[PDB]
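What follows is the content of model-v4.txt, which has compact mmCIF, C-alpha atoms:
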# COMPACT_ATOMS: atom_id res chain seq x y z
CA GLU A 2 122.95 101.98 119.11
CA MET A 3 119.32 100.79 119.19
CA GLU A 4 120.84 97.64 117.71
CA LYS A 5 122.01 96.87 121.23
CA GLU A 6 118.43 97.08 122.50
CA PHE A 7 117.44 94.96 119.51
CA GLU A 8 119.85 92.13 120.29
CA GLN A 9 118.82 92.22 123.93
CA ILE A 10 115.08 91.96 123.24
CA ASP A 11 116.00 88.95 121.09
CA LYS A 12 118.17 87.39 123.81
CA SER A 13 115.24 87.77 126.20
CA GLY A 14 112.64 86.87 123.57
CA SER A 15 110.54 89.63 125.08
CA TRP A 16 109.17 91.04 121.80
CA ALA A 17 105.55 90.08 122.35
CA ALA A 18 105.96 91.74 125.74
CA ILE A 19 107.53 94.91 124.33
CA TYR A 20 104.84 95.01 121.66
CA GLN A 21 102.01 94.55 124.14
CA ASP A 22 103.15 97.45 126.30
CA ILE A 23 103.02 99.55 123.11
CA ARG A 24 99.38 98.59 122.57
CA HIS A 25 98.49 99.42 126.17
CA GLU A 26 100.18 102.83 126.01
CA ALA A 27 98.72 103.61 122.57
CA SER A 28 96.43 106.60 122.22
CA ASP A 29 92.68 106.08 122.11
CA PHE A 30 90.54 108.72 120.43
CA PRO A 31 86.95 108.84 119.21
CA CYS A 32 85.92 107.52 115.78
CA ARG A 33 82.40 108.91 115.73
CA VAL A 34 82.07 109.67 112.02
CA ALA A 35 83.58 106.33 111.01
CA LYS A 36 81.01 104.42 113.06
CA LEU A 37 77.94 106.26 111.73
CA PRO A 38 75.51 103.90 109.93
CA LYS A 39 75.62 105.71 106.60
CA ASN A 40 79.36 104.99 106.34
CA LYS A 41 79.09 101.30 107.16
CA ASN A 42 79.84 100.07 103.63
CA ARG A 43 82.76 102.50 103.49
CA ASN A 44 84.86 100.55 105.98
CA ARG A 45 86.70 97.31 105.34
CA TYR A 46 87.27 96.02 108.87
CA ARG A 47 85.02 96.69 111.87
CA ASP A 48 88.09 97.10 114.06
CA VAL A 49 90.08 99.49 111.83
CA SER A 50 88.63 102.98 112.00
CA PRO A 51 90.21 106.41 111.63
CA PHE A 52 90.20 108.76 114.62
CA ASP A 53 87.92 111.73 113.97
CA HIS A 54 90.56 114.37 114.77
CA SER A 55 92.85 113.15 112.00
CA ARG A 56 90.60 111.60 109.37
CA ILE A 57 90.84 112.83 105.78
CA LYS A 58 87.67 114.56 104.65
CA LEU A 59 86.51 114.24 101.05
CA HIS A 60 85.56 117.60 99.55
CA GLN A 61 81.96 116.46 99.06
CA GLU A 62 79.17 118.46 100.66
CA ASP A 63 77.31 115.14 100.63
CA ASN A 64 79.29 112.51 102.54
CA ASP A 65 82.90 113.36 103.35
CA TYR A 66 83.82 109.98 104.74
CA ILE A 67 86.71 107.75 103.76
CA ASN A 68 88.58 105.44 106.09
CA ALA A 69 91.86 107.36 105.95
CA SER A 70 94.04 109.13 108.50
CA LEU A 71 96.65 111.84 108.06
CA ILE A 72 99.83 111.10 110.05
CA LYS A 73 101.72 114.33 110.67
CA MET A 74 105.33 113.89 111.80
CA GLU A 75 106.34 117.30 113.09
CA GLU A 76 110.07 116.85 113.69
CA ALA A 77 110.69 114.61 110.68
CA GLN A 78 108.83 117.13 108.53
CA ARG A 79 106.98 114.30 106.84
CA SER A 80 103.30 113.46 106.39
CA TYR A 81 101.51 110.35 105.17
CA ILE A 82 97.88 109.55 104.54
CA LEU A 83 97.26 105.96 105.63
CA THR A 84 94.21 104.24 104.26
CA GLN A 85 92.50 100.87 103.88
CA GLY A 86 92.64 99.09 100.53
CA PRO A 87 89.87 100.53 98.27
CA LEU A 88 86.57 98.68 98.39
CA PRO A 89 84.39 97.85 95.37
CA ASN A 90 82.36 100.93 96.11
CA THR A 91 85.01 103.36 97.39
CA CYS A 92 87.46 103.53 94.49
CA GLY A 93 86.12 106.85 93.33
CA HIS A 94 86.52 108.24 96.84
CA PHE A 95 90.04 106.86 97.02
CA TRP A 96 91.08 108.72 93.89
CA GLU A 97 89.05 111.79 94.83
CA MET A 98 91.22 111.94 97.93
CA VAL A 99 94.49 111.50 96.04
CA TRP A 100 93.28 114.33 93.86
CA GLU A 101 92.08 116.72 96.58
CA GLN A 102 95.04 116.09 98.86
CA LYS A 103 97.39 116.72 95.92
CA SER A 104 99.18 113.42 96.41
CA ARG A 105 101.95 112.43 94.03
CA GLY A 106 102.41 108.86 95.10
CA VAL A 107 100.37 105.86 96.17
CA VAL A 108 102.19 103.02 97.97
CA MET A 109 100.58 99.58 97.93
CA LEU A 110 102.03 96.90 100.20
CA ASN A 111 99.73 94.00 99.38
CA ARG A 112 98.60 92.02 96.36
CA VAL A 113 95.01 92.22 95.21
CA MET A 114 94.64 88.61 96.27
CA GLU A 115 96.39 87.04 99.24
CA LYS A 116 95.59 83.70 100.88
CA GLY A 117 92.98 83.02 98.22
CA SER A 118 90.99 86.17 99.10
CA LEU A 119 90.52 89.70 97.83
CA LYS A 120 92.45 92.14 100.00
CA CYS A 121 91.25 95.12 97.98
CA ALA A 122 89.58 96.16 94.73
CA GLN A 123 91.42 96.51 91.43
CA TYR A 124 91.38 100.31 91.56
CA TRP A 125 93.81 101.07 88.73
CA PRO A 126 93.83 100.09 85.02
CA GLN A 127 95.93 97.09 83.94
CA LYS A 128 96.13 97.85 80.22
CA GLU A 129 96.79 101.35 78.94
CA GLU A 130 94.07 101.07 76.25
CA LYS A 131 91.42 100.48 78.90
CA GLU A 132 91.22 103.58 81.05
CA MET A 133 88.99 103.63 84.10
CA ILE A 134 86.24 106.10 84.84
CA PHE A 135 84.79 106.75 88.28
CA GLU A 136 81.45 108.36 87.61
CA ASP A 137 80.56 109.10 91.23
CA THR A 138 83.66 111.26 91.86
CA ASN A 139 84.02 112.24 88.17
CA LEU A 140 87.64 111.17 87.67
CA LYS A 141 89.52 109.33 84.90
CA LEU A 142 92.53 107.06 85.47
CA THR A 143 94.83 105.85 82.67
CA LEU A 144 97.76 103.43 82.77
CA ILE A 145 100.74 105.19 81.17
CA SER A 146 103.62 102.85 81.93
CA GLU A 147 104.30 99.85 84.11
CA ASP A 148 107.77 98.68 85.09
CA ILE A 149 107.81 95.22 86.69
CA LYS A 150 110.83 94.38 88.85
CA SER A 151 111.47 91.32 91.00
CA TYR A 152 110.12 92.55 94.35
CA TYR A 153 108.06 95.63 93.37
CA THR A 154 106.35 97.39 90.42
CA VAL A 155 106.17 101.07 89.49
CA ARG A 156 103.29 102.43 87.45
CA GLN A 157 102.85 105.89 85.98
CA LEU A 158 99.15 106.66 85.97
CA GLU A 159 97.35 109.75 84.74
CA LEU A 160 94.58 111.21 86.85
CA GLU A 161 92.18 113.63 85.20
CA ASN A 162 89.53 115.76 86.86
CA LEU A 163 86.81 115.42 84.24
CA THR A 164 85.14 118.40 85.86
CA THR A 165 88.01 120.87 85.36
CA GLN A 166 89.84 118.83 82.70
CA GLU A 167 92.98 119.33 84.78
CA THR A 168 95.53 116.47 84.65
CA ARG A 169 98.10 115.02 87.06
CA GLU A 170 100.58 112.16 87.08
CA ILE A 171 100.47 109.78 90.01
CA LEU A 172 103.30 107.35 90.64
CA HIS A 173 102.04 104.03 91.94
CA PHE A 174 104.61 102.05 93.94
CA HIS A 175 103.48 98.49 94.50
CA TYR A 176 105.39 96.13 96.78
CA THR A 177 104.45 92.73 95.40
CA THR A 178 106.64 90.39 97.48
CA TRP A 179 105.42 90.60 101.09
CA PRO A 180 104.77 87.00 102.22
CA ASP A 181 101.22 85.82 102.92
CA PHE A 182 102.24 84.98 106.45
CA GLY A 183 104.66 86.77 108.73
CA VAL A 184 107.16 89.39 107.66
CA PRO A 185 109.94 89.55 105.07
CA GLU A 186 112.98 87.37 105.75
CA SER A 187 115.27 90.27 104.86
CA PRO A 188 114.58 94.03 105.12
CA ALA A 189 116.77 94.41 102.04
CA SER A 190 113.92 94.46 99.52
CA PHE A 191 111.66 96.60 101.68
CA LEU A 192 114.39 99.23 102.14
CA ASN A 193 115.03 99.39 98.39
CA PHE A 194 111.33 99.78 97.76
CA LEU A 195 111.34 102.58 100.34
CA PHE A 196 114.28 104.29 98.68
CA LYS A 197 112.66 103.99 95.25
CA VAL A 198 109.67 105.88 96.60
CA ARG A 199 111.85 108.55 98.19
CA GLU A 200 113.71 109.04 94.92
CA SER A 201 110.50 109.62 92.97
CA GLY A 202 110.00 112.76 95.00
CA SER A 203 106.63 111.42 96.17
CA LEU A 204 107.60 111.95 99.81
CA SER A 205 109.00 115.42 99.32
CA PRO A 206 107.14 118.52 100.77
CA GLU A 207 106.18 120.19 97.48
CA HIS A 208 103.57 117.48 96.96
CA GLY A 209 100.62 116.50 99.10
CA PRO A 210 100.95 113.55 101.51
CA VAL A 211 101.88 110.22 99.97
CA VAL A 212 98.91 107.82 100.19
CA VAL A 213 99.94 104.50 101.74
CA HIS A 214 97.79 101.38 101.97
CA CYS A 215 97.72 97.65 102.69
CA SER A 216 94.48 95.79 103.37
CA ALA A 217 93.61 97.36 106.75
CA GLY A 218 96.10 100.18 106.22
CA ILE A 219 97.97 99.77 109.53
CA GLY A 220 100.18 96.67 109.46
CA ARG A 221 102.60 96.88 106.56
CA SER A 222 101.60 100.52 106.15
CA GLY A 223 102.80 101.19 109.67
CA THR A 224 106.11 99.50 108.96
CA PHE A 225 106.64 101.68 105.90
CA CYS A 226 105.98 105.00 107.65
CA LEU A 227 107.77 104.04 110.86
CA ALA A 228 110.95 103.04 109.04
CA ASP A 229 110.87 106.10 106.82
CA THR A 230 110.45 108.55 109.68
CA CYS A 231 112.97 106.90 112.00
CA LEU A 232 115.53 106.99 109.19
CA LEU A 233 114.85 110.66 108.48
CA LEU A 234 115.30 111.50 112.15
CA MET A 235 118.58 109.59 112.55
CA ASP A 236 119.48 111.50 109.40
CA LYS A 237 118.90 115.02 110.75
CA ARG A 238 119.52 114.78 114.48
CA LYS A 239 122.87 115.57 116.08
CA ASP A 240 122.80 112.27 117.96
CA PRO A 241 121.28 109.52 115.73
CA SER A 242 121.29 106.94 118.55
CA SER A 243 118.72 109.16 120.26
CA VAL A 244 116.02 107.99 117.85
CA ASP A 245 113.60 105.73 119.75
CA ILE A 246 111.45 103.52 117.51
CA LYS A 247 109.01 102.88 120.36
CA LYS A 248 108.50 106.59 121.02
CA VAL A 249 107.98 107.30 117.32
CA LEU A 250 105.51 104.47 116.89
CA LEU A 251 103.40 105.88 119.73
CA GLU A 252 103.64 109.35 118.22
CA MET A 253 102.21 107.90 115.03
CA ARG A 254 99.41 105.97 116.77
CA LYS A 255 98.07 109.33 117.95
CA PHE A 256 96.90 109.76 114.35
CA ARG A 257 95.77 106.26 113.38
CA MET A 258 95.14 103.19 115.50
CA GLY A 259 96.81 99.80 115.28
CA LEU A 260 99.90 100.66 113.20
CA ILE A 261 102.16 97.56 113.40
CA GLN A 262 99.76 94.66 114.04
CA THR A 263 102.24 92.14 115.43
CA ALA A 264 105.20 91.85 117.78
CA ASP A 265 106.78 90.25 114.74
CA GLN A 266 106.28 93.29 112.52
CA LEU A 267 107.72 95.37 115.33
CA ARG A 268 110.95 93.37 115.24
CA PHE A 269 111.11 93.70 111.47
CA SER A 270 110.73 97.49 111.74
CA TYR A 271 113.63 97.51 114.18
CA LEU A 272 115.49 95.40 111.65
CA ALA A 273 114.69 97.61 108.68
CA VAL A 274 115.66 100.80 110.53
CA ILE A 275 119.00 99.33 111.64
CA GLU A 276 120.06 97.99 108.24
CA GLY A 277 118.79 101.20 106.71
CA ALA A 278 120.83 103.21 109.18
CA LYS A 279 123.90 101.42 107.91
CA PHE A 280 123.16 101.91 104.22
CA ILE A 281 122.84 105.61 104.99
CA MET A 282 125.10 106.89 107.79

Show how you would write the structure in this file as structure tokens.
Amino acid sequence: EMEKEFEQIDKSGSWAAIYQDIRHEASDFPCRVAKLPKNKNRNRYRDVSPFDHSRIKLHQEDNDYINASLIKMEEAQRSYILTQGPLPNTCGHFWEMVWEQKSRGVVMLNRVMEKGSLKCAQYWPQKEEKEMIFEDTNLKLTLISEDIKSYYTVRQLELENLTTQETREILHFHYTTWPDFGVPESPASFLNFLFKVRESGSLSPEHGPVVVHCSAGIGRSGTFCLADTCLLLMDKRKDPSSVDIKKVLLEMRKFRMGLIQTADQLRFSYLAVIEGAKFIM
């Protein structure tokens, strides 16, 4: 199984080398809209832009820009919208997207503050009596319930379109235990978090694409999507050992750049997929 390849990369300590080749082979498409001056304040990092061909467009006649890419996995029959962590001024857009794309879940893989800095705005309400209102996109968000576990937290939020008065329930899955530096020591927690999300039905086809974010929306976000898809494939293909992580990662990078930011996260993905293959099988 790919575990063989895994143990061999380790024996050779050639991860950084395997990871680099991935970067070189990675697709490179234009990001015209993202780089336009009017959308400058709408991007978190200068080096993390969405390709034009796959960016999510807000349903605003005005400005339809939001740093977010739709990753469409044909064979796995799975789609994800990867995005950067909401900025002070793009929280309304963020929710407008969730609303227009008919998303059921939002997966957060970072803490609001990491390494003594703000990795993203507080875009959801912390107390149920203090709803939030985004006047620019005309949406209301209310905390309904919050369940705090050891490595993650699940929140039931209510999103209302103040325009149409229509209401929807968004499940917010927050992975709170990713270390400030490096990757998790054990894929155990990550895989459970993944399974929790799957169980919610947030990944299922009847709903829009699950929104997934980190700070840049490529590192931990890549890991999440890559593990999920690879597991689905091993799960539906006649020959599970035929699933190639490297080929899938490149298929994903056709939709958003930089997924998996380190040779170390790459290893961890390999790890997660393998352990997850065992818990399933």

Sorted by chain and rising residue number, which residues of range 2-116 of chain A lie within 10 Å of range 224-231 of chain A, and what are their closest atom pairs and distances in Å to one decimal, counting all atoms listed in the file, as CSV?
residue,atom,partner,partner_atom,distance
A:72,CA,A:226,CA,9.0
A:74,CA,A:230,CA,7.7
A:76,CA,A:230,CA,9.2
A:77,CA,A:230,CA,6.1
A:78,CA,A:230,CA,8.8
A:79,CA,A:230,CA,7.3
A:80,CA,A:226,CA,9.0
A:81,CA,A:226,CA,7.4
A:82,CA,A:226,CA,9.8
A:83,CA,A:226,CA,9.0
A:108,CA,A:225,CA,9.2
A:110,CA,A:225,CA,8.8

Measure the distance from CA of residue 39 in chain A to CA of residue 63 in chain A in Å and round it to one decimal. 11.3 Å

Could you name the residues that touch range 251-258 of chain A at 9 Å or less, counting all atoms listed in the file, but leaving out those on the same chain fewer than 4 positions away, as a ChimeraX atom specification? /A:23-24,26-30,49-52,54-56,69-74,83,219,223,226-227,246-247

Atomic distance CA of residue 261 in chain A - CA of residue 106 in chain A, expressed in Å with one decimal: 21.5 Å

Have a look at CA of residue 241 in chain A and CA of residue 270 in chain A and let me know their distance in Å, one decimal. 16.5 Å

Around the point (111.2, 93.2, 90.6) in the file's coordinates, collect all residues with an atom within 10 Å, using all atoms listed in the file, and return them as a list in words. residues 148, 149, 150, 151, 152, 153, 154, 155, 176, 177, 178, 190 and 194 of chain A

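Minimum distance to residue 163 in chain A across A:192, A:100, A:57, A:186 (counting only C-alpha atoms) occurs at A:100.
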
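Of the listed residues (A:222, A:187, A:171, A:236), A:171 comes nearest to residue 103 in chain A; the distances count all atoms listed in the file.
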
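In terms of minimum interatomic distance to residue 135 in chain A, A:94 ranks closest within A:237, A:25, A:94, A:36, counting only C-alpha atoms.
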
Listed atoms of range 5-20 of chain A boxed axis-aligned with 3 Å per side, centre + edges as JSON:
{"center_x": 113.4, "center_y": 92.0, "center_z": 122.9, "size_x": 23.2, "size_y": 16.2, "size_z": 12.7}

I want to know what sits within 10 Å of residue 67 in chain A, based on only C-alpha atoms, with residues of the same chain fewer than 3 positions away left out; could you give that as an MDAnalysis selection string? chainID A and resid 34:35 40 43:44 50:51 56:59 64 70 84:85 87 91 94:95 98

Between A:107, A:232, A:215, A:144, which is the closest to residue 121 in chain A once you count only C-alpha atoms? A:215

Who sits within 12 Å of residue 130 in chain A, all atoms listed in the file, same chain under 3 positions skipped, as a PyMOL selection string: chain A and resi 126-127+133+142-146

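Of the listed residues (A:90, A:119, A:234, A:137), A:137 comes nearest to residue 61 in chain A; the distances count only C-alpha atoms.
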
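Comparing the minimum interatomic distances between residue 104 in chain A and each of A:199, A:5, A:238, A:169, counting all atoms listed in the file, we find that A:169 sits nearest.
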
Compile the contact shell of residue 4 in chain A as an mmCIF file with C-alpha atoms, in the frame of the given file: residues with an atom at most 9 Å away, counting all atoms listed in the file, same-chain residues fewer than 4 positions apart removed.
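out-v3.cif, written as the output of this step:
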data_model
loop_
_atom_site.group_PDB
_atom_site.id
_atom_site.type_symbol
_atom_site.label_atom_id
_atom_site.label_comp_id
_atom_site.auth_asym_id
_atom_site.auth_seq_id
_atom_site.Cartn_x
_atom_site.Cartn_y
_atom_site.Cartn_z
ATOM 1 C CA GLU A 8 119.850 92.130 120.290
ATOM 2 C CA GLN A 9 118.820 92.220 123.930
ATOM 3 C CA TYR A 271 113.630 97.510 114.180
ATOM 4 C CA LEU A 272 115.490 95.400 111.650
ATOM 5 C CA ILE A 275 119.000 99.330 111.640
#

I want to know what sits within 9 Å of residue 282 in chain A, based on all atoms listed in the file, with residues of the same chain fewer than 3 positions away left out; could you give that as number ranges by chain? A: 235-236, 277-279

With 12 Å as the threshold, what does the neighbourhood of (109.8, 89.5, 125.1) contain in terms of residues, counting all atoms listed in the file? Coordinates are those of the file; answer as an mmCIF file with C-alpha atoms, in the frame of the given file.
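Heads up, here's the output in result.cif:
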data_model
loop_
_atom_site.group_PDB
_atom_site.id
_atom_site.type_symbol
_atom_site.label_atom_id
_atom_site.label_comp_id
_atom_site.auth_asym_id
_atom_site.auth_seq_id
_atom_site.Cartn_x
_atom_site.Cartn_y
_atom_site.Cartn_z
ATOM 1 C CA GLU A 6 118.430 97.080 122.500
ATOM 2 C CA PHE A 7 117.440 94.960 119.510
ATOM 3 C CA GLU A 8 119.850 92.130 120.290
ATOM 4 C CA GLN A 9 118.820 92.220 123.930
ATOM 5 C CA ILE A 10 115.080 91.960 123.240
ATOM 6 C CA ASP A 11 116.000 88.950 121.090
ATOM 7 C CA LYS A 12 118.170 87.390 123.810
ATOM 8 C CA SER A 13 115.240 87.770 126.200
ATOM 9 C CA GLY A 14 112.640 86.870 123.570
ATOM 10 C CA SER A 15 110.540 89.630 125.080
ATOM 11 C CA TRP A 16 109.170 91.040 121.800
ATOM 12 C CA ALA A 17 105.550 90.080 122.350
ATOM 13 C CA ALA A 18 105.960 91.740 125.740
ATOM 14 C CA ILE A 19 107.530 94.910 124.330
ATOM 15 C CA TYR A 20 104.840 95.010 121.660
ATOM 16 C CA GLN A 21 102.010 94.550 124.140
ATOM 17 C CA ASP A 22 103.150 97.450 126.300
ATOM 18 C CA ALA A 264 105.200 91.850 117.780
ATOM 19 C CA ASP A 265 106.780 90.250 114.740
ATOM 20 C CA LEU A 267 107.720 95.370 115.330
ATOM 21 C CA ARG A 268 110.950 93.370 115.240
#
